[PDB]
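**Student:** Compute the structure for the input listed below.
(chains A and B, ligands or ions: 2)
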Number of protein chains: 2
Amino acid sequence: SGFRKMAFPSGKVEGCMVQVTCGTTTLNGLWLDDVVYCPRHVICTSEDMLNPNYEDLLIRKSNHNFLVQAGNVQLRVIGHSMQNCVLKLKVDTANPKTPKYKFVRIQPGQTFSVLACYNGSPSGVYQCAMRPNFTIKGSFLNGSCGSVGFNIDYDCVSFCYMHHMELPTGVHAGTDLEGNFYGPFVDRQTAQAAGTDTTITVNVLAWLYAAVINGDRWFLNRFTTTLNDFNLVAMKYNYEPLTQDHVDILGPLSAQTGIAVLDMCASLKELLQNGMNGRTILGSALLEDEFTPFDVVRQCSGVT
Amino acid sequence: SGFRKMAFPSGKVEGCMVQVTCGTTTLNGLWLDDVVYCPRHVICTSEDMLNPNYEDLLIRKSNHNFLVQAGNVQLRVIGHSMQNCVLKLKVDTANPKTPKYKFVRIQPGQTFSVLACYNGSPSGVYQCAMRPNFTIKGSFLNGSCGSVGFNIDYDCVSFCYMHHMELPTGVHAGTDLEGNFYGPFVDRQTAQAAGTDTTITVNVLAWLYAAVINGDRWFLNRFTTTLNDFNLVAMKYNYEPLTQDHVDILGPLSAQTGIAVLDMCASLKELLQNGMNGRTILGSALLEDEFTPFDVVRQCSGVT
Ligand SMILES: O=C(Cc1cccc(Cl)c1)Nc1ncn2ccccc12
Ligand SMILES: O=C(Cc1cccc(Cl)c1)Nc1ncn2ccccc12
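**Tutor:** Numbers count the residues shown, from 1 in each chain, chains lettered A, B, ... in the order given. Ligands and ions are numbered 1, 2, ... in the order given. Coordinates below:
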């Protein structure tokens, strides 16, 4: 019992973190096999960030300008290429600690763990989600770029995020491991506003199922609703519309608790309309949306 | 910017997790040098837990009855001893992944990371705190016993907690790595109630400083208070009394923000008396007390 914002164990990812320095800029890189992946803005000076032409800036860079250090030993760079917004630095040594891995591009609403790093060294691990506006609410300081987001399935690490930028609003933007930004963001120091940060409805429902499983049941009511009726309320409260795909994904949680998905929707509807009235659910005074249905089952069943 | 419930990177601790089986019970063990530490209730059957005499139960156990597996390879047990509520299983092989370590006994209000494990394999990592009633609000299922709590200072892991038990109220009790329970709990299946779970005032103040540093400033008021006046309010709201030792520990956060500790106390006093009025601080609708002043500085400065 108990329900925590839990991150994946970070060991497999810690073994991949390296420091990348180009000119006077230093950030993190991810060393998998004989390649080091890092944000391409490592080639920029702070002045360059205003309007950078990465292709032109890269012409002035050779393999020996990319300093890659793994722990306290230097890696030899034998090739470099730019793929979208990331640089791939080919090194002469395969990372002996390379775990089984995949590069995945996640959808909004999906959660992942972040291993925040500075100078190629891990500072901490936390759980977050790809927001519906394609930002992440992380915790990142200057030098954290190149830190990655990932999920783990037994022994395979699926890398889904590489940190690139903080928007003026303190939210974060980044790419998948192919260098494509999530959302419309560009690696340029230009004020870019994020869209509406809507609530991930299916995740709130999963968290409500987690609460019932862990004993918090005060919010369960005698009502039911329909997808269309629920969605009228979700629109009013800036929640994502719930689809039958979402209802299907909540099937195992519905089966575990004996609470039909539409009945849980009716509980959520009353919580949206009435508020919590000073009460809490799983130690929270707001509706939590950064646990997916898969996360709830995983935590409540102890997958290792 | 951004402020997250952040755990330490768990790699150094993942390298120490092993499975311990005795009879039909299986739990986790912590392998440091040539010793494996685990809860002594590994020798009990589910029936034994009602009223166990551990010394008597241990007489029927020999080295070969303790099955210790590290990954997929078996460790040879060459000695066993009971120290308070933990067993120390001497093995014939030193753990090659033993990090620099210390065993510490923490005080209530102090935070640590937990690497939840099942069958000697890590499932996840989360941050928690030793509550003032000496319980922890963790996330643990059957088989999670032996999972540990720890802090890290650069390359040294300070182990502070080993999970032993869930109370009927869904909160958790455990020992330090010398086998002494935190609080009055005993490793016996007897209903043991926890005392008042008071709020860790100094941690709430640290989190309010973190909020100001990260831009959330709506709660700052034009008032000040005294330690005695503040403490009258803290008593009323089941908050721990604030001492000059706490004020001293908040000095660096006070200096960083230019907000005198007693002025921040007056902001906290108004938040206690008036509530949040539907507003949030650092994405929370309640006052968070599981970040110490050291945690806030560490996260806001990027210590690796
Ligand atoms: O934002 C950047 C780097 C950057 C700057 C301009 C454009 C791009 Cl593409 C990238 N890093 C970052 N992440 C969290 N942070 C918190 C405080 C300061 C910086 C910072
Ligand atoms: O409580 C125990 C084991 C135990 C039982 C009785 C006395 C002692 Cl000393 C220890 N493990 C545990 N921790 C979280 N859990 C969640 C669901 C079931 C069990 C469980």
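
**Student:** gap between residue A:131 and ligand 2?
**Tutor:** Distance, residue A:131 to ligand 2, by CB to the nearest ligand atom, to the nearest Å: 32 Å. (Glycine included, C-beta is placed from N, CA and C.)

**Student:** and what of residue A:279?
**Tutor:** In this view, residue A:279 and ligand 2 are 24 Å apart by CB to the nearest ligand atom.

**Student:** The residue lying closest to residue A:49 once chain neighbours are set aside: helix or strand, and which one exactly?
**Tutor:** Of all residues not flanking residue A:49 in the chain, residue A:189 sits nearest, at 3.9 Å (CB to CB, 6 or more residues apart in numbering or on different chains). Assigned by DSSP states H and E, residue A:189 belongs to no helix or strand.

**Student:** quick one, longest strand in chain A?
**Tutor:** strand A:156-166 (DSSP state E).

**Student:** Can you tell me the strand partners of that strand and which way each runs?
**Tutor:** strand A:100-103 (parallel), strand A:148-153 (antiparallel), strand A:172-175 (antiparallel) (DSSP bridges).

**Student:** Please spell out which residues along that strand are buried.
**Tutor:** Using 16 or more other CB atoms under 10 Å in any protein chain shown as the test for burial, strand A:156-166 gives A:157, A:158, A:159, A:160, A:161, A:162, A:163, A:164, A:165, A:166.

**Student:** just stretch A:93-108 next, same as before
**Tutor:** Using 16+ other CB under 10 Å as the test for burial, stretch A:93-108 gives A:95, A:97, A:98, A:99, A:101, A:104, A:106, A:108.

**Student:** just stretch A:81-97 next, same as before
**Tutor:** For stretch A:81-97, using 16+ other CB under 10 Å, the buried residues are A:82, A:85, A:86, A:87, A:88, A:89, A:91, A:95, A:97.

**Student:** Say whether chain B is contacted by it.
**Tutor:** No: applying CB under 8 Å from any CB of the partner chain, one finds stretch A:81-97 out of contact with chain B, separated by at least 9.8 Å.

**Student:** From start to finish, how long is that stretch in a straight line?
**Tutor:** Distance across stretch A:81-97, first residue to last, is 23 Å (CA to CA, to the nearest Å).

**Student:** Give the full set of residues in contact with the spatially closest residue to residue A:90 that is not a sequence neighbour.
**Tutor:** The shortest distance from residue A:90 to any non-neighbouring residue, by CB to CB, 6+ apart, is to residue A:79 (3.4 Å). By CB atoms under 8 Å, 6 or more residues apart in numbering or on different chains, the contact list for residue A:79 reads A:63, A:89, A:90.

**Student:** so the first one touches residue A:75, yeah?
**Tutor:** No: using CB atoms under 8 Å, residue A:63 is not in contact with residue A:75, being 10.9 Å away.

**Student:** So which of these two has more stuff around it?
**Tutor:** A count of neighbours by other CB atoms under 10 Å in any protein chain shown puts residue A:75 above the other of residue A:63 and residue A:75, at 22 against 13.

**Student:** tell me the contacts of the more buried one?
**Tutor:** The neighbours of residue A:75, taking CB under 8 Å, 6+ apart as the test, are A:18, A:31, A:36, A:68, A:69, A:91, A:92, A:93.

**Student:** Can you give the distance of the helix or strand where the third one lies from its chain's centre?
**Tutor:** Meaning residue A:36. Following DSSP H and E, the helix or strand that holds residue A:36 is strand A:35-39. Chain-centre distance of strand A:35-39: 18 Å, with CA atoms, centre = their mean, to the nearest Å.

**Student:** do it and ligand 1 meet?
**Tutor:** No: on the criterion CB under 6 Å from any ligand atom, strand A:35-39 is out of touch with ligand 1, staying 6.9 Å away.

**Student:** got the phi/psi numbers for residue A:244?
**Tutor:** phi -60, psi -30 (degrees, to the nearest 10).

**Student:** who's in contact with the closest residue to it other than its chain neighbours?
**Tutor:** Closest residue to residue A:244 apart from its sequence neighbours, by CB to CB, 6+ apart: residue A:227 at 7.0 Å. By CB under 8 Å, 6+ apart, the residues touching residue A:227 are A:242, A:243, A:244, A:247, A:262, A:265.

**Student:** Using a markdown table, lay out those residues together with neighbour count and secondary structure.
**Tutor:** Supplementary listing: those in a markdown table, determined by neighbours: other CB atoms under 10 Å in any protein chain shown; DSSP: H, G, I helix; E, B strand; the rest coil:
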| residue | neighbour count | secondary structure |
| --- | --- | --- |
| A:242 | 22 | coil |
| A:243 | 13 | coil |
| A:244 | 9 | helix |
| A:247 | 18 | helix |
| A:262 | 17 | helix |
| A:265 | 27 | helix |
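
**Student:** Distance to residue B:212 added to those, as TSV?
**Tutor:** Below are those laid out as TSV (distance: CB to CB, whole Å):
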residue	distance to residue B:212
A:242	37
A:243	40
A:244	45
A:247	42
A:262	43
A:265	38
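
**Student:** quick one on the thing from earlier: are there helices or strands packed against the strand holding residue A:36, and which ones?
**Tutor:** Counting contacts by 3 or more CB pairs under 8 Å, 6 or more residues apart in numbering or on different chains; DSSP states H and E, strand A:35-39 packs against strand A:17-22, strand A:25-32, strand A:86-91, strand A:156-166.

**Student:** Looking at chain A, what residue ends up closest to ligand 2?
**Tutor:** Among residues of chain A, the one nearest ligand 2 by CB to the nearest ligand atom turns out to be residue A:1. It sits 5.4 Å away.

**Student:** Now the most far-flung residue of chain A relative to its centre: phi and psi?
**Tutor:** Distance from the centre of chain A peaks at residue A:222, with 36.1 Å (CA atoms, centre = their mean). When read as degrees, to the nearest 10, the backbone of residue A:222 gives phi -90, psi 10.

**Student:** Can you tell me how far it is from residue A:98?
**Tutor:** Using CB to CB, to the nearest Å, one obtains 55 Å as the distance from residue A:222 to residue A:98.

**Student:** Next one: residue A:55 from ligand 1, what distance?
**Tutor:** For residue A:55, the distance to ligand 1 (CB to the nearest ligand atom) stands at 16 Å.

**Student:** so which strand or helix has that residue?
**Tutor:** Judged by DSSP H and E, residue A:55 forms part of helix A:54-59.

**Student:** Downstream of that helix, the next helix or strand is which one?
**Tutor:** Going down the chain from helix A:54-59, the next helix or strand is strand A:66-70, by DSSP H and E.

**Student:** close to chain B, is that next one?
**Tutor:** No: if you take CB under 8 Å from any CB as the test, strand A:66-70 misses chain B, and the best it gets is 13.5 Å.

**Student:** May I have that strand as CSV, with CA atoms only?
**Tutor:** Extracted C-alpha coordinates of strand A:66-70, given in CSV (Å, rounded to 0.1, in the frame of the first residue of the first chain):
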residue,chain,number,x,y,z
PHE,A,66,34.1,17.9,-29.3
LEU,A,67,35.6,17.0,-26.0
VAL,A,68,33.8,14.0,-24.6
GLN,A,69,34.6,12.8,-21.1
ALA,A,70,33.2,9.6,-19.5
